[PDB]
Structures are given as C-alpha cells and as structure tokens.
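J.: Structure provided below as structure tokens; questions to follow.
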Amino acid sequence: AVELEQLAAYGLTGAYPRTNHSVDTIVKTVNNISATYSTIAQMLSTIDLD
Amino acid sequence: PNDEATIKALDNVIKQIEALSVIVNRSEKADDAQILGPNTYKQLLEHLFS
C-alpha cells in the first residue's frame, strides 16, 4: 500500500532500485534460510513425528 | 541440516521427561480424632432435714 503522492513523485523523477552488494551474499542468505528450515524439519521427524 | 541442534533437543526432552518421572506423592497427615483427657463429676448443693 502506497499513497498517490509518493507514487507520483517516484514516477516523475524516473527512479530505479540500486544496490552495491554482490550476488553471492543473497544466495548465501537463501541457503541459510533453507538450512534453518531443514534443521527443524529433521528435529521434528526424529523426535515428534507420531 | 545442523546435527548439533538435534542432540541438544534430544538432551532437553530426555532430561525433562526424567525429571518428571522422579517426583512422588506422599503425605503424613494425622486423623481428626481427639485426646479425651480425664474428668470428674461435681455435686450440686442439697438441703436435708427430718
């Protein structure tokens, strides 16, 4: 949800997203997410699943 | 998955289950009876004539 004035100001100046990081950091973060889900998944499968 | 979290979870679960299965219930209450100490009768005043 955005307000009309903010969107109009964004479109008038022709802004674009920009970044300074590399691609490896984001894929490392995604791998961290997957690892933290898999840890709990196997803990449940080895302790609670019944 | 990290194999150092499952071991910790298993340790916690085992320790908790074992701490739950040691506590015992035992009471030492007395009975509602009494002591019934000794007593003697006492005579009321009387008047006698003939």
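No Cβ is skipped: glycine too gets one built from the backbone with ideal geometry, and neighbour counts run over all protein chains shown. What follows draws every value from the coordinates through simple rules; no lab data is involved.
J.: When you go through (1) within 14 Å of chain B (Cβ to nearest Cβ); (2) assigned to a helix (DSSP H, G or I); (3) loosely packed, with under 10 Cβ neighbours inside 10 Å one by one for A:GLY11, which number turns out not to apply?
T.: Going through the list (1) within 14 Å of chain B (Cβ to nearest Cβ); (2) assigned to a helix (DSSP H, G or I); (3) loosely packed, with under 10 Cβ neighbours inside 10 Å, A:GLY11 breaks only (1).
J.: Would you confirm whether or not region A:38-45 contains a residue that is within 13 Å of chain B (Cβ to nearest Cβ), under 30 Å from B:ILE7 (Cβ atoms) and either touching a residue at least 24 places away in the same chain (Cβ under 8 Å) or β-branched (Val, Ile, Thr) (or both)?
T.: Yes, that holds for at least one residue.
J.: Right, here's the next one. A:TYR16 passes all but one of (1) more than 14 Å from chain B (Cβ to nearest Cβ); (2) closer than 30 Å to B:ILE7 by Cβ; which number fails?
T.: In the conditions (1) more than 14 Å from chain B (Cβ to nearest Cβ); (2) closer than 30 Å to B:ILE7 by Cβ, A:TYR16 misses (2) alone.
J.: Could you look through chain B, keep only residues that are of a type in the set (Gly, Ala, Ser) and in a loop (DSSP other than H, G, I, E, B), and pick out the one that is surrounded by the fewest Cβ atoms within 10 Å (Cβ to Cβ)?
T.: The residue in question is B:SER50.
J.: Further, regarding this structure: I'd like to check something: does region B:28-37 contain any residue that is of a type in the set (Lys, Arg) and within 14 Å of chain A (Cβ to nearest Cβ)?
T.: The answer is no; no qualifying residue exists.
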